[PDB]
Amino acid sequence: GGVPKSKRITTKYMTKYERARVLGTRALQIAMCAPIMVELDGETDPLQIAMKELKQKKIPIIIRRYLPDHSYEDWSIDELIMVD
Amino acid sequence: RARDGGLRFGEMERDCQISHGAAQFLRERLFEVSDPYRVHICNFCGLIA
Amino acid sequence: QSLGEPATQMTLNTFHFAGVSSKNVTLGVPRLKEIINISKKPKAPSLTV
Amino acid sequence: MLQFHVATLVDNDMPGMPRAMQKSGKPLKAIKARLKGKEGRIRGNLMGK
Amino acid sequence: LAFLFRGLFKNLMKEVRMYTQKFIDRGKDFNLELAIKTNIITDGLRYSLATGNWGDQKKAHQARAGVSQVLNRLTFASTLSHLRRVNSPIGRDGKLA
Amino acid sequence: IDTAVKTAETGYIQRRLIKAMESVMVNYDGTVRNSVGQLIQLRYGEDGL
Amino acid sequence: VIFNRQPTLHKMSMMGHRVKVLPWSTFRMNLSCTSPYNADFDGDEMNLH
RNA sequence: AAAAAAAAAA
DNA sequence: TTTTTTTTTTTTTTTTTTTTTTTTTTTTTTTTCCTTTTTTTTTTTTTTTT
DNA sequence: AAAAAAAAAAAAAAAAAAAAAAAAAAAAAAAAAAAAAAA
Ligand SMILES: [Zn+2]
């Protein structure tokens, strides 16, 4: 049940529950020796690198938001806009 | 303490971890660091094989 | 949780009570018990006419 | 006797029925006594491990 | 302890009665020292003082618990307060104030 | 006395309240639904904030 | 780490904290955290996960 | 090692 | 000789009583005591007799 | 010196208060069917 990109009705803003699991999954990926999409300035804790490449929206995660009628909308990271 | 036992992650802890909206902390404290197990299940009957 | 947490604090006004009206009214947590349980017989039914 | 033994294997707390007499002066702890309760298998071992 | 001695003396008389009825139906006599089982009174008082369940050992579920307690030896005042304690038989679950 | 008697029914009321509403969640369409998907509120708190 | 006082009444009764390793043997927390935990520092025991 | 009881702490 | 009118017999509800059943805050720390028992049957032993 | 009866040791056995929902029994009015009187 792939909803088209023009027909997405969910919010365009990443809430805290998406942010926590995206940061955790990306930190686990960097800790398991994935390539780092951005430059480095001496950060060693991979959760800091996870925020650092979340600022430039360079994280390859597709969030599959589930509507209550068991349909899903796929949103990229760069399609969402950070707020804190 | 005398039997070297862990802490009781009771019902109210589960309640307020639901209230925090943290699914992974609940899955950790209630499946990962308490009693994980793997079972083999028949697809047709759904029972332990 | 945000409705059950004030129920623990519904005993601080127990003292310094004398009563001005002689009207039967259930107050505090048992009155809460009358509204959560939907009691078909309340302890103090009253009409405000 | 067979019906009594089967039922008190399953359920030991039903009124009107003779209690399953364990050796040490206690009733039998049946499957229902394992599951039902605050310290049972649901509340004390699954919601609260 | 008087009530405990009533129960244990009744059990002793029942056991003595059963022994002498077993040995009277065969036409023989009996010995009084072999008739009295001395473990009954001693074992009953020892059990009901060590355990605290105030009654028969087989029927301890109908008996009151916590009548006999281990004496608290932490301070002298704790021992004096434990020796001068009064317990109400109302259970510790009553909503009535 | 008032601090002891109550605390039991207050905790029982809290457990009942948390068990009646443990799966009510704001969904991605803004509506508020329970575990079975039954609609409760079209917006959370009637304003979605 | 996750820091928890029992009984758990609301959401802020178990919260996240950062470990600072200190010399003696008690879990030393700040004073402004006494209000959400309902701690009293009179022999209160408290849990860490 | 289990079960029960009692005394307590917040 | 048929129609109305009284009687009967179910029929469904009502209402009150009785019975049943299920429930009783969260966590933590120490001891003590028991985890058989008398009864009945079976087997071995000891003494006595021819 | 061999065979039988009674006594003692060893082994298995059974013996609290509250509140809501459901079931039940006496009652009670209502409605349809059957029997009798009259025109
Ligand atoms: Zn199968």
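Judging from the entry metadata, cryo-EM is the method by which this structure was determined, and 3.37 Å is the reported resolution.

Visitor: Looking at this model, I keep getting lost on the pairing of strand β1 (residues 62-66) of chain A. Mind explaining?
Guide: Moving residue by residue along a regular strand, the side chains alternate between the two faces of the sheet. All names here are of chain A. Residues of β1 alternate between two faces, with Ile-63 and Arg-65 buried on one and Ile-62, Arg-64 and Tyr-66 left unburied on the opposite face. Here β1 pairs with strand β2 (residues 72-76) via five bridges, running antiparallel. Each residue of the ladder has a partner; that of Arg-64, found in β2, is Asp-74.

Visitor: Honestly, the layout of surface pockets in this entry has me stumped. Any pointers?
Guide: If a probe the size of a water molecule is rolled over the atoms, the empty space left behind becomes visible. Roughly 910 Å³ of internal volume is contained in the second largest pocket. Taken together, 24 residues form the lining of the second largest pocket, with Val29(C), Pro30(C), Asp2(F), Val5(F) and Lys6(F) sitting closest to its centre. At the level of elements, α1 (29-36) of chain C together with α1 (2-20) of chain F are the ones that each hand at least two residues to the lining of the second largest pocket. The dominant element in the lining of the second largest pocket, judged by the number of residues it contributes, is α1(F), at five residues. Within the lining of the second largest pocket, the residues separate by chemical class into 10 nonpolar, five polar and nine charged.

Visitor: What am I meant to see in the pattern of salt bridges here?
Guide: If the charged atoms of two oppositely charged side chains come close together, the side chains can form a pair. All names here are of chain A. Taken as a whole and assessed by the stated rule, the structure comprises 24 salt bridges over all chains. Put simply, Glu-79 and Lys-5 hold a salt bridge, and the shortest N to O gap is 2.8 Å. Taken together, the residues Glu-79 in the segment after β2 and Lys-5 in the segment before α1 (16-31) connect sequence positions 74 residues apart. For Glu-79, a relative accessible area of 23% puts it in the partly exposed group. According to the relative accessible area criterion, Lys-5 is exposed, its value standing at 56%.

Visitor: Sorry, what's going on with the nonpolar core here?
Guide: Formed by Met14(A), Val22(A), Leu23(A), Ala27(A), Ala50(A), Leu54(A), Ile59(A), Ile61(A), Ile63(A), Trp75(A), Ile77(A) and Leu80(A), the largest nonpolar core amounts to 12 residues. Counting only elements with at least two residues in this core, the list comes to α1 and α2 (46-55) of chain A. Top contributing element to this core by residue count: α1(A), with three residues. Not counting residues within four places of it along the chain, the set of residues in contact with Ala50(A) comprises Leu23(A), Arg26(A), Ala27(A) and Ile59(A). If you look at the next biggest cluster of nonpolar residues, it comprises seven residues, including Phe9(B), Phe25(B), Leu26(B) and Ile2(G).

Visitor: Got a minute to help me understand the protein's contact with DNA strand I in this structure?
Guide: Close to DNA strand I lie 22 residues; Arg1(B), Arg8(B), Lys23(D), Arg43(D) and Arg46(E) are nearest. Near the protein, meaning within 4 Å, the atoms of DNA strand I are sugar or phosphate in a fraction of 76%, with bases accounting for the rest. Within the contact set of DNA strand I, a phosphate oxygen lies 3.2 Å away from a side-chain nitrogen or oxygen of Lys38(D). At 3.4 Å, a side-chain N or O of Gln6(G) approaches a sugar or linking oxygen of DNA strand I. Those elements that provide at least two residues to the surface near DNA strand I are α3 (39-50) of chain E together with α1 of chain F. At four residues, α1(F) tops the list of elements feeding residues into the surface near DNA strand I. Here the residues of the surface near DNA strand I are counted per class, giving nine nonpolar, five polar and eight charged.

Visitor: Explain the packing of α1(A) against α2(A) here, please?
Guide: In helix packing, the relevant descriptors are the interaxial angle and the interaxial distance, both defined with respect to the helix axes. Residues and elements named next belong to chain A. Contact pair α1 / α2: the axes reach a minimum separation of 8 Å and the direction vectors enclose 120°. Between α1 and α2, the interaxial angle falls into the category oblique. Between α1 and α2 the crossing geometry is right-handed. Taken together, the residues of α2 that come into contact with α1 (itself represented by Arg-19, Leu-23, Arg-26, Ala-27, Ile-30 and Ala-31) are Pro-46, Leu-47, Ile-49, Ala-50, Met-51, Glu-53 and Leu-54. Each residue belonging to the contact of α1 with α2 can be placed in one class, and the counts come to 10 nonpolar, no polar and three charged.

Criteria and cut-off values
- Residues numbered from 1 in each chain as written, not as in the entry; some residues may be left out.
- Chains lettered and ligands numbered in written order.
- Part of a larger assembly, values for the part shown.
- Heavy atoms only, no water.
- Buried < 20%, exposed > 50% of the residue type's maximum accessible area, 1.4 Å probe, protein only.
- Helix = DSSP H or I, 4+ residues; strand = E, 2+ residues; numbered from the N terminus.
- Pairing = 2+ DSSP bridges.
- 1 Å grid on protein atoms, 1.4 Å probe; cavity = no way out; pocket = protein on both sides within 12 Å on 5 of 7 lines; lining within 4 Å.
- Points joined across faces, edges and corners; volume = space filled by probe spheres on them.
- Nonpolar A, V, L, I, M, F, W, Y, C, P; charged D, E, K, R; others polar.
- Salt bridge = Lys/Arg side-chain N within 4 Å of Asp/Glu carboxyl O.
- Core = buried A, V, L, I, M, F, W, Y, C linked by side-chain atoms within 4.5 Å.
- Contact = heavy atoms within 4.5 Å.
- Near = heavy atom within 4 Å.
- Polar contact = N/O pair within 3.5 Å; in protein donor to acceptor, adjacent residues only side chain to side chain.
- Axes fitted to C-alpha atoms, helices over the stretch in contact; angles between N-to-C directions.
- Parallel < 35°, antiparallel > 145°, perpendicular 65-115°, else oblique.
- Left-handed = near helix turned anticlockwise from the far one by under 90°.

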